[PDB]
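Asker: quick one: initial chain(s) of a complex, as found there:
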Amino acid sequence: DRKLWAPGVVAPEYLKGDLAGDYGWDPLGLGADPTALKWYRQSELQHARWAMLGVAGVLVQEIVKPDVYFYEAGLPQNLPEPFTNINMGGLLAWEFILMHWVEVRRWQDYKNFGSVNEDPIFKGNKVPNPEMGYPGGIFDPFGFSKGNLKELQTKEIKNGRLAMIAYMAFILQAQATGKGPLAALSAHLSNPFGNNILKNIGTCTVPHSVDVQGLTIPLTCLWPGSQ
Amino acid sequence: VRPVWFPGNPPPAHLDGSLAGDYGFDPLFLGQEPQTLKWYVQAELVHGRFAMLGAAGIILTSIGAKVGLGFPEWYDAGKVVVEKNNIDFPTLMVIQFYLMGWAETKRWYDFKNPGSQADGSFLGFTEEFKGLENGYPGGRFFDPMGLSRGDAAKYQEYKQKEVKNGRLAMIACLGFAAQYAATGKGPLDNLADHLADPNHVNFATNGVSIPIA
């Protein structure tokens, strides 16, 4: 049988190894309901892909632009040309409209599987969509799905889980030290016994609030550290 | 089977889940008798509807008071209205008591004798006052959109939504009274003060709720 999440533990009845990356891990029994299990699988896939994109973006941004802090990169004054000091209202409007459209399409696909595959404007443009959360077609133009989709899906979910943990690590490292992941790694490599979680914890480098152009946005750390 | 107020305890025998918002909550057995339960159902519905109207009005007036619109607080609106406009307070009281007395007396005698207000003795109207269920007076007047005479499942869902929103509004009105009695400010002022500093601006720091604090 497959290797579980712990030696000697017994996997739940609903976790028979059908989904990719199944380790029989469910201490809260949230997967007991099949509908809830499907929704949680979609949520896990979304979190995994978004976290992988965020981790890759933070790393590439720190490599290409080391003088820009990723935590404060959302400020309009830190945006690159020609988007510097741009109005955030129009930007939020653009993102809201586009993301709302794509997320409503994805949600409708979840509610009714295989019902929004066709393009609503140009008829005939459809995606195969063999499983929920795996549309394919235009989303996979390189044709990497015509093989062992199970092992590839396992690799995707495992890399996504690792990226989720890594992104939260980046967030807490930035909130406790005020620097990016590569900067924190270099600082720890300079003196491992002086720069670590033993001393960096308890201090919250994030300010109380920030005035984004006209309105103020409140900020806080994940733990009650010293401001 | 159905979810109850306190999980693990069986619901009482007089609460079988037929009414809207039934969670088996009756530890004092106030509505153990059937007629008393029917009367209490109508009382709870009237209380919830009045609390819903009061909560919506208080929230809207507080919203207008927070922004520069000149609206007064809910605890001063009566005085502001009676003094700003030449309105006599006892006259308004008598007019409201007359209209409410007519409506409530018709509702009361319909509760005592169901369908008795449909005889046509009131200006010839018959089907507009027949009444669908206890506390649910359907018809073209009270329900002009006809949401109660179409799609029975949707009607039951709306009944559950109505009773739950009414209970929440009753709790909200009690919260408005307690917040004004303790802090002395408007409800949105309390909400803004809490959003400014939630760790130090709450009921545990107002100096009135916890006397040993």
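Answerer: Thanks, I have it. Numbers count the residues shown, from 1 in each chain, chains lettered A, B, ... in the order given.
Asker: For the spatially most central residue of chain A, identify the helix or strand it belongs to.
Answerer: With distances taken as Cα atoms, centre = their mean, residue A:51 lies nearest the centre of chain A, 2.1 Å away. Residue A:51 is part of helix A:34-64 when elements are defined by DSSP states H and E.
Asker: And that helix, what does it pack against?
Answerer: Counting contacts by 3 or more Cβ pairs under 8 Å, 6 or more residues apart in numbering or on different chains; DSSP states H and E, helix A:34-64 packs against helix A:88-111, helix A:149-177, helix A:181-190. In this view, the C-beta of every residue, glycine as well, is placed from N, C-alpha and C.
Asker: cutoff 6 Å now
Answerer: Judged by 3 or more Cβ pairs under 6 Å, 6 or more residues apart in numbering or on different chains; DSSP states H and E, helix A:34-64 is in contact with helix A:149-177.
Asker: follow-up on the earlier one: show me what counts as buried in the helix holding residue A:51.
Answerer: A:37-38, A:41-42, A:44-45, A:48-49, A:51-52, A:54-55, A:58-59, A:62 (16 or more other Cβ atoms under 10 Å in any protein chain shown).
Asker: Please apply the same query to stretch B:61-81.
Answerer: In terms of neighbour count (16+ other Cβ under 10 Å), stretch B:61-81 has its buried residues at B:61-62, B:65, B:71-74.
Asker: onto the same structure, chain C please:
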Amino acid sequence: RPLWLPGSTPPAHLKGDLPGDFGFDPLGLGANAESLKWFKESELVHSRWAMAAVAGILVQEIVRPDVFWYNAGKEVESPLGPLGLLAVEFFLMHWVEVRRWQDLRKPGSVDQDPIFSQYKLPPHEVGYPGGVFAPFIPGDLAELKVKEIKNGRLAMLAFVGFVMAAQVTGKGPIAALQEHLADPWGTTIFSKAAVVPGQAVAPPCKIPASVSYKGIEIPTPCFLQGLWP
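Answerer: One more piece, chain C, placed on the ones above:
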């Protein structure tokens, strides 16, 4: 069959018989037959009124750019007094609305001309008079009905947008469009206001609270300014 949500199940009471049926009724307002019959006429009348209003506003701004439509009821002087115009409009509108209402409650009862006994509308449906009201019908009736209801819904939303843009920016539809086209990233509603748990900023109401019209002081407040985002 096209729907307002591809892949969703339309309501049971919406079988696709009425024109413009796209299975959109989450509140179930059209479940009752009589209520649906009344709401159909309400939607048709709203559609036609909004279409005529939007077309009139656009033509008014094109022909008279110096006159604001929101102020059109104030800066228009005619030899006929305002009370006289109100009386004429009240009597004519009362006559036509009572005839339409009687046709709704009693189909095939007011199709006869009360002045001339030789004129009578042919049998039709409620909300679609025809006869003398439709001298030319180019194309299919069902297709044109769908086009009319779709254009009417668009015009209804357009009139609401006209009112909101006139109350927020104080300009007409074409003027607001040009102002938005000049700076698209800084003229949307998101660029004018934002709400957060620590601050709530709203755009100022450009319409004055009071308007002096022949010494009467008509109040003109912005629609639900307190609930503005």
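Asker: In light of the added chain C, please revisit the buried residues of stretch B:61-81.
Answerer: Applying 16+ other Cβ under 10 Å to stretch B:61-81 flags B:61-67, B:71-74 as buried.
Asker: Equivalent analysis for stretch A:149-167, please.
Answerer: A:149, A:153, A:156-157, A:159-161, A:163-164, A:166-167.
Asker: For the closest residue to residue A:17 other than its chain neighbours, give its distance to residue A:150.
Answerer: Nearest residue to residue A:17, sequence neighbours excluded (Cβ to Cβ, 6 or more residues apart in numbering or on different chains): residue A:2, at 5.3 Å. According to Cβ to Cβ, to the nearest Å, residue A:2 and residue A:150 sit 12 Å apart.
Asker: Need the residues touching each of these two.
Answerer: Residues touching both residue A:2 and residue A:150 (Cβ atoms under 6 Å, 6 or more residues apart in numbering or on different chains): none.
Asker: So residue B:36 lies in a strand, does it not?
Answerer: No - counting by DSSP: H, G, I helix; E, B strand; the rest coil, residue B:36 falls outside a strand, being helix.
Asker: Can you tell me the element the most centrally placed residue in chain B falls in?
Answerer: In chain B, the residue lying closest to the centroid (Cα atoms, centre = their mean) is residue B:48, at 2.3 Å. Using DSSP H and E, residue B:48 sits within helix B:34-66.
Asker: which pair in the buried residues of stretch B:61-81 spans the largest distance?
Answerer: B:67 and B:74 (15.9 Å; Cβ to Cβ).
Asker: one more, chain D:
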Amino acid sequence: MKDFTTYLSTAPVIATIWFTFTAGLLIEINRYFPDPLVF
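Answerer: Alright, chain D goes in next:
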């Protein structure tokens, strides 16, 4: 609840409630109309 209402309908409870109501009415009348000697 039926048994509780029947208990409340007993002679001592009914007498207590009735006398409390009558005494309260007389006390409130004498409070709002102090020292009434003649009509």
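Asker: Re-run the earlier check on the buried residues of stretch B:61-81 with chain D in the model.
Answerer: B:61-67, B:71-74.
Asker: With stretch C:144-162 instead?
Answerer: Quick answer for stretch C:144-162 (16+ other Cβ under 10 Å): C:145, C:148-149, C:151-153, C:155-156, C:158-159, C:162.
Asker: Return the distance of it from the chain's centre.
Answerer: 8 Å (Cα atoms, centre = their mean, to the nearest Å).
Asker: what about the longest helix in chain D?
Answerer: helix D:11-32 (DSSP state H).
Asker: And that helix, how far out from the chain middle?
Answerer: 2 Å.
Asker: do the same with stretch B:41-52
Answerer: Distance, centroid of stretch B:41-52 to centroid of chain: 4 Å (Cα atoms, centre = their mean).
Asker: ok, and what's touching that stretch?
Answerer: B:134-135, B:166, B:169-170, B:173.
Asker: got TSV for these, with neighbour count, secondary structure and distance to chain C too?
Answerer: Listed next are these as TSV, based on neighbours: other Cβ atoms under 10 Å in any protein chain shown; DSSP: H, G, I helix; E, B strand; the rest coil; distance: Cβ to the nearest Cβ, whole Å:
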residue	neighbour count	secondary structure	distance to chain C
B:134	16	coil	22
B:135	23	coil	21
B:166	22	helix	19
B:169	21	helix	19
B:170	18	helix	24
B:173	18	helix	21
